[PDB]
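To start, the structure under review is shown below, and the notes come after it.
Per-chain numbering from 1; labels A, B, C, D, E, F, G, H, I, J and K assigned in written order.
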C-alpha cells in the first residue's frame, strides 16, 4: 500500500536505531561475559534479542508501505570499557531511540497513519522500560558502588 | 453512557462497512469453493469470520454509547467472476474500510472519545493486514500469471 | 527518567481516584455480603481488586518519571445504604474517574508522553467497562424493580 | 448484632491503622523495586497484602456489630528515602499498630466482647512478627552496614 | 484432673444449650425440607451438625475435669411455623447461647482455667457467626419480603 | 406357579393404575416442557419412568402366578391445564394408587401370598414418596403463589 | 398426607427412644474414651451415629403424616460407671426400644399404615442387632472376666 | 435374646429344608456336569450356593434367639436320573420349602417376632424365584422336547 | 522488641520446665523400649518431641523480647523404675508445668503482653492433654492391674 | 548385659557432652535466626539435631549395659554474642567432645568392650567433621572479614 | 592370601558357633510354631537367617586367608521345652558367641589382621543386639509372668 514518504523515512531512521541497539547490546553481552559477569551478560543478550524483534517490525512495516528498508548503516556505537560505562553507553543510546520514536509517532499521527503511529508508540513504551532498567542499575552503582553492584551479578560457574 | 452523536454515526457507517465485508468475503469463499480452489476458499472463510468479529465490536460499542445499531443495509457488493476479480473486488472494499476507520479514529480523538478512537485504530490496523494479504496475492498473479497462482491453491480432495 | 511535572500531577490525581475506588468498592462488597447478596458481593470484590491493579500502575509510572506518589488521601467516599444507592454511588465515582483519565490522556499526548497517554487511555476504556456494568444493573432495577433484581443475586448459602 | 460503641471505635481506629500500613508498605514495595532491590520489593509487596487482609477483617467485624466502617482517611504516612529509612518508617508505624491493638484487646475484654478481643490479640501477634522482621533487618544494617545488607537482596534480573 | 465445680456447671449448662440447638436446628432442617425449601434445609442440616460438634466438645471437657456430663434435658425448644418464624426462633436461641458462653468464659478466666475459657470463647465466636447468618436472612426477608427470599432457596428437584 | 385368583385381580387393577400414572405423568412432562418449565418437565419425565418400572413389576408377577396381564385400558386420565391443576391431577391419582395398594397388600397377606404382599407394600411406600413430593409442591404454591413457584423451575435454555 | 393419630403417637414415642439412645451411647463413647478403652469408644460412637439416623427417620415420617415431632424430652438415661455397667445400661435401653417398635409395627399394620409398619419393623431388626452385640459383650465378660475383656479393646495410642 | 420356642422350631425346620436343598442342588450340579450339560451344571452350582447362604441365615438367627441349630439331618433327597427328573425333583423340593416359609412367617408374625417373620418372607420370595426358574425349564422341555432343551445348554468344551 | 522483664523470667522458667520434660520423656521412652513395651516407647518418644517444640517456642519468644534464653539447667528429674512409676513421674511433672503456665499467662495478661499470654495458654492446654493421657493410663492400671495394662502395649517384634 | 562400670561412666560423660552440644547449637540456631543469618541458622539447627541423635545413642548403650543414664546436667554453655563468637564457642565445645571420645574409645578397647569402643570412635569421627566445618567458617572470617562472611549467608526472605 | 594360622582357628571356632546358632534358632522357630506362638516363631526364623549370614561371612574369610573352613560339627545344642527355656537357651549360647568374638577380635588386632578384627567386632556388636533382645524378653516374662508374655505373641491364624 503506498505509504507517506516522510513516515517511511522515520521508519528507516528507527530501523537504523534498532540495528545499532542490537549490535551495541550484543557486543556488551559478550564483553560482560568475557569479564565474568555472567548474570549481567544473560540480561544483555536478552535485551539485544528484544531489539532484534523491534528491527524486524520496522523492516516489515517499511515493505508494507512500499518503501526500501535500509540496513546498511548503524548510528555510531558507544562501547563501554567498564561495567558502569556499558550501562551509561546503553542508556545514552536508548534515550536517543525513545526521542526518535516520540517524534515518529507524532508525525505519523499528523498524516493519519495510525498503525505506524501505534508501532512507534509501542516501541517508545518498550524503550522507556529499557531506560528504567538501565537507570535502576546506575542507581545501584551510585548507592552501593560499582564493585558491590557487579559482584552480585557474577552468576554461577559453568559445569 | 450517552455518546457523541457524530461518533455513533461513524460507528454505524463502520458497522455497514463490516457487514458488507462479511457477505462479500463469504460469497467469494463459496465461489472459490465452487470453482475448486479449496485453499483459497479456506482463507476467505476465515477472513469473513474475522470481519464478523469486527461487526460485533461495532454493535457492542454503539449500544454502550446508547445509539441504535443499524444492520439493515450494506454498501454495494463487488462480486468477482475470476480469481483475479475476487482479489481486486475485496482489495477495493478493504481500502474503503481502512479510509473510513482513519477518519472515524481522527474524529473520535477530536471529541475525547479515546475508547472509540482505539477501536477504529485497531480495526484500521487489521484492515491494513487484510490489504497486505490481498496486495500480495495480486503481486503473485502479476509475477506468475493467474493460472500458476491459482493452481497452487487448489488444495486436497475431500475424503 | 525525569517526567513532565503536570503529567505527574495527573498521574497522582488518578492514583487518588483509584485508591478511592478500591476502598469504595471494597466497603460496598462487604456491605453487600453483610446484607446477604453474595453474588453481588463477589462481583464487587473482583471490581475492587481490578482498581487495586490500576492504583499500582499509577504508582509505578509516577516513580519511573521521578515523581513522588501520594497515597495519603482519597476523594470523598459515597457509601450507599441500599443496593440501588450502592450502584448509584459507584456509577458517580466511575464517571468522575473516566473524565479525569480523558483529560490526563489528552494532556500527556499534548507533551509527547505517549506511554503515559496510553496508560490513561487504557484505564479510561476499563472504567467505561465498569460504567457499562453499573448502568446495566441500574437498567435492570428500573425494568424489574430493586427487589426482583437483588433477589436474583442472593447466591448460594455457605457449607 | 449491635456492638459496644467504644469497641466499634477501636475497630475503626484499627481499620485506619491497617489502611495506612497497606499503602505505606505498597509504596515502599514500589520504591524498593524502582531502586533495584527486587528481593526486598517482593517481601514488602507480600507484607502489604498481609495488611490488606487485616483491613478486611476489621471492615467485616464493624459491619457485623452494626457500625459504619470508615475508610476515608489514613494516619500520616512515613515515606523513607533510603532503604534504612524505609525500614525505620515501617517499624515506627508497626509499633503504633501493635500498641493500638493491645489497647483494643484490653477494652474489648473489659466489656465481654471476646471475639473482638481475639481479633485484636491475633492482629497484635501478627504485628509483633512484622516488628521482629523489621528489627532484624535493622540489626543486619547495624552489623554489616547498609550497602552489604541491601546488595544481598538485589535479586535476579527479569528475563 | 479435678476441675473447678462452678466451671463444670457452666460447661453442663453449655452442653444443654448445644443439645437444644442440635435438635431445634435438625427439626427446622426437616420442616424446611417438608415445606420444599431444599437449599434452606441443606444449610440447617449443616448448622445442626456444627452444634453436634460443640456438644461433643463440652462432654469431652466435663469428663476431663472429672464432672458428670448431663444430657438428660434441653432448654425449651422454639419451633417456627413459617420460614420467618424458624429464622426468629433460631436467632433467639443462639443469642442466649452466646450470652452463656460470654459468662462461662469470664468465669473460667477468673479462676485461671484458661483451656475452658478458650473453649467458651471459641464457641462464642462460632455462635456470633451463626447469629450473623440468621440476622442476614431476616434482613433479606425485611428488604425483599418473605416470599421472594424463600423462593430463591427452593433448590433443585431430586432425580 | 398357580396364584390366588383374587390376588391376580388386585395385581391387574394395580397394573391398570400404573399404566394410567405412566401416561398421565408423561403427558404432563410434555405439557410442562411445552409451557417452558423445563425443570418441572425433567422431574415429571423421571416420575413417569419410575411408574413404568412399577407397571413392569406387576406384569412380571401376574405371569409368574399364571394370570393374564391386562394392559388394554387405563383409569380415566386427569389432564391439568395450569401448573397447579397438573399438581392436583397427579396428587388425586396417586392417592387412589396408594389406597389400592394398601388394600392389595392386606388381601394378599390374608391368603399367605407374602411376596405379592411385599410388592404392594413396596409400591405403597413409593407412592407415598410421590404423594409427599406433590403435596410439597402444592404447599409452595399456597405459600408463594403459583407464579413465584413456577418461575423458579423454568430451568436453563437449550444450547 | 394426614396420618393416623395413634401411629403418629407411636412414631413420637420412638423418636424419644432414639434421642435417648443417641445421647446415652454418645456419653458412654466419651466415658469409654476417657477411661482409655479406645476400641470400645470407637464402636460406641458408631452405634450413637446409627441411632441418629433412626431419630431422623422418625422425624421425617412424622412430618410427612402432618404430625408435630417432639424432640424436647428423653427417656431417663442409664449411665454406667464401669465397662460392665455401660454394657448393661445400653442393653436395658435397647430391649425397651425393640419392644416399643414391636408394638408400633403391630399397631400400624392394624390400621393399614404399611410404610410406617415397615419403618418400625426395620428399626426393630436393627435394634435386635444392637442387642446381639451387647449380649455378646456381656457373654465375654461372663466367660473371661471384665478385665480380660476390656484389656483387649484398649486399642492403639494416638500419634 | 431368648426367642419364642415354636419360632425356633420353625427356623430349625427351615434349616433342615435348606441343608436338603444345598445337597440336592450340589449333587444335581455334579450329575449335570457328569452328563455333559455344562451350562445347566453352572446354574445348579450357583443355586446350591444361594441355598448355602439361606442355611447360614437360619443358623445365625437360631443362635441369636438362644436356640440350638440342628444340622444333623436332611429331608429325603430326590435324585433325578434324567435332566427332566432333576428339574422335577428340585421343583418338588422347592414347593415344600416355600410352603414351610409361608407357615413360619405367619407364625412368627402372630407372636410379634417381626425380624424372624421378615427372614421367612425374604426366603419365601427367593424360593418363588427358584420355582419360577424351574417351572420355566420344564415349560421349555414341554414345548421343545427334552433333547432340544438340553442340547442348548451343553456349553463350551474345557481348554 | 524490649519485653517485660518479669514476662521474660516466666518464659525462661517455662523453657527450663520444657527442657526437663524433653529429657524425662526421652529417658522414659528409652527405658520403656529397654523393658520391651515398644508401643508405650513409641508414644513417649512422640511426647518428648512435642515438648522439644514447646522448648523451641520459648527460646524464640525470649529472643524476640531481647532476653537471654537459659538452657543450662533442668528441674530435678523424676525417673521411674516400673511402668507405673514412669506414669506417676511424668504426671507430677506435667502438673507442675501446667501450673507454671497458668501463672505465666495471668502475669503476661496483667501487663498487656497478649502474644506471650497466648503462648502460655496454648501450652497450658497442650499440657492438660498430656495430663489427660497420663491420668487415663493410670486409670487403666488401677482397673486392670499393671501387668494387663503393660502387656497390651508390648507391640510387635522388629523384623 | 552388665557393662564395665568405668565404660558406663565414660558413656554418661559423653551423654552430658552431647546434651550440652544440643542446647548450645539450638540456642545459637535461634540467635542466628534472630540476627537474620537464615542460612547459618538452618545449618546450626541441622547440627543440633545431629547431636540429638548422638545423645540418644548414648542413652541406648548405657541402658543396654544396665547403667543409669543421667540427663540432669550439662557442661557449662558458651553463648556467643557475635557470629564469630558463636563459631568460636561451638569449636571449643566440639574439641572437648572429640577428646572425651578419644579417651572413652581407648578405655573401652582396653576392657574388650568393642561395641562401646566403636560407638566412641564413630562419634569422634563425626565430631571431627563438625570441627572441620567450624574451622572452615573461622578461616573464611579470617580471610574475608566477618561482615563479608556473614552477609553471604543471610539467605532468602520468608514468603 | 596366606593368613595367620591362629586367626584362621578363631574364624573356624566362630563358624562352628554360628552353625550352632543357626540350627538352635531354627529348631526353636519351628518349636514355637508348633506350640502356636506364631509371632515369636517369625522372629526366631529371622534371627536364624541373620546367623546364616554370619556363618557365610566366616566361610568367605577363612577361604580368602587360605584356610579350610570346617562345617562338620556344632557346639552342643541347648533345646528349650518351654518358651522361657527357649529364651534362656538362646541367651546362654549368644553370651558364649559374644565372648568368642571379643577374644578373636583382640587376637586378630594383636597380629595386624585388621579386616578380620573388624569382622569379629561387627559380629560381636550384632550378637550384643541379639543378647539385648533375649534379655528384654526374659525381663517381660519376669515382670508379667510367662503366660501373659507368650499370649501376646500368639499372632494371627492362617487363612
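Just so it is clear, a contact is a pair of C-beta atoms (placed from the backbone, for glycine too) under 8 Å apart; a residue touches a chain by one contact, two chains touch by 3 or more.
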Mutual neighbours - chains that touch chain F and chain H alike: G
Chain pair repeating F-H, as identified from F-G, A-D or C-E when over half of the contact pairs by residue number coincide: F-G
Chain A and chain K: spacing of chain centres that average the CA atoms, whole Å: 80
Distance from chain J to chain D - Cα centre to Cα centre, in angstrom: 41
CA centroid of chain H to CA centroid of chain I, Å: 66
Distance from chain H to chain A - Cα centre to Cα centre, in angstrom: 94
Sites on chain A at which at least two other chains make contact: none
Interface residues, chain H side, partner chain G - complex: 1, 64, 112, 114-115, 118
Residue ranges of chain C in contact with chain B within the complex: 95, 102, 105-106, 120-121, 124-125, 128, 131-132, 135
Residues on chain E engaged by chain G in the complex (per definition of touch): 19, 23-24, 26-27, 30-31, 33-34, 56, 59-60, 63-64, 68-69, 71-74, 76-77, 79
Partner chain A, residues of chain D touching it in the complex: 34-36, 82, 147-148, 150-152, 154, 156-159
Residues of chain D defined as touching chain J within the complex: 39-40, 42-43, 46, 132-133, 136-137, 139-140, 143-145, 148-149, 151-153
